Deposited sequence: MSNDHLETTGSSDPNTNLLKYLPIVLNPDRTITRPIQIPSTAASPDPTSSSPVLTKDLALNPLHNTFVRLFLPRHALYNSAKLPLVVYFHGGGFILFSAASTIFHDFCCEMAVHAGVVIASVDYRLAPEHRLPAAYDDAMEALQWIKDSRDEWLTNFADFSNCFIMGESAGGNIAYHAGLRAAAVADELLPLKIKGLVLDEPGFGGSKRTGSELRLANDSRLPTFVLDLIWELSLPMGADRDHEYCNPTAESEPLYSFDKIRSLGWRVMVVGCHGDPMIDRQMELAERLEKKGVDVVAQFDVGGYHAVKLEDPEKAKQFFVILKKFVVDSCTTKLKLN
């Protein structure tokens, strides 16, 4: 297991996280060297959740507000933080190169807090942002142009948050959602798709690891056709379409979850939702978090999407 996930499974249905995942401290002061300023704001102390804001330095040299991206990190629902270095650095790159202010949500982790805990934290964060008088948000973020985004498990959260938000869109004002960005979103199912068969022996996400992730994340005794795991009447898509939200879906052929991501994109398209799909040859799951060239290329497409 340690070859794939930095966890130990205990004989009491719990896990242990014995390998520290590096984190980066916030840097709120523009006299620092950072090209992006960051600070953490407590969300809910009973859930120990917080939000890290990323404000690109370039925003301090004009009086224009930038679109706001509400972001959810990946990690199988079971690992990582908004302050994990790999996610902090991606968000700093994204802020600079897509020209956005980011609010990255530190949601509760499974199995201590199985789904839907992370989705509830996503909605709490939206409610909190809408009501916020934080000075970075009020002076530099455009509440009228908000995007919900996430990577891997966080893209699953972003998708479920997007469905819930669409149902309460009027209630979220002054925040106006304009789109969803689903970066290699994590979905599953009881039956294997073709890509799950083709990539069963993947070097990072083989079948048994994916199955473990769902086992630890879904409600006890659910199976992988549970709606949190397998997203595909999709009446919700009528609301997305009616609100005029655009949806970006990205992924690559070397990710075992590609077939489900592509099926979601096709179902959205079938329901008349404005979809921007970029599915690439090759790669592997989370390659953009490791490959600065692939990240660079994605930021080109995200900049245009957000504009």
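The deposited chain is incompletely modelled, with C-alpha atoms absent over 1 to 17, 250 to 253, 329 to 338.
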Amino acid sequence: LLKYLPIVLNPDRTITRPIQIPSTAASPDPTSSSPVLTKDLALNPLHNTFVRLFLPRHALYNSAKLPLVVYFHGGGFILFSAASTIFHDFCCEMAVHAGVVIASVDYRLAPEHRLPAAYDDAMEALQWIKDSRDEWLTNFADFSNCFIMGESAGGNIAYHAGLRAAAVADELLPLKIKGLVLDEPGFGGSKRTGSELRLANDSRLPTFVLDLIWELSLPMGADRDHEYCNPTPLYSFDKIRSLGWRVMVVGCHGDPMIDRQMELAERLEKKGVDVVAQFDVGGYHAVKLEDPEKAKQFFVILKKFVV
From here on, numbers count along this sequence of modelled residues.
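Once the C-alpha B-factors are averaged per stretch, 143 to 151 and 197 to 205 rank with 197 to 205 first. Remark: stretch with higher mean C-alpha B factor among 65 to 73 and 237 to 245 is 237 to 245. Note on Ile86, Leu172, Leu218, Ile78: the highest value goes to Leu172, judged by CA B factor as recorded. Comparing the listed residues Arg57, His253, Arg52, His47, the entry records the largest Cα B-factor for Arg57. When all modelled residues of the chain are sorted by CA temperature factor, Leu163 is found within the middle third. Sorting the modelled residues of the chain by their CA temperature factor places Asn230 in the middle third. In the PDB entry, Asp106 places in the lowest third of its chain by CA B-factor. Residue-level temperature factors show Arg114 in the lowest third of its chain, judged at the C-alpha atom. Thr138: CA B factor lies in the middle third for its chain, per the PDB record.
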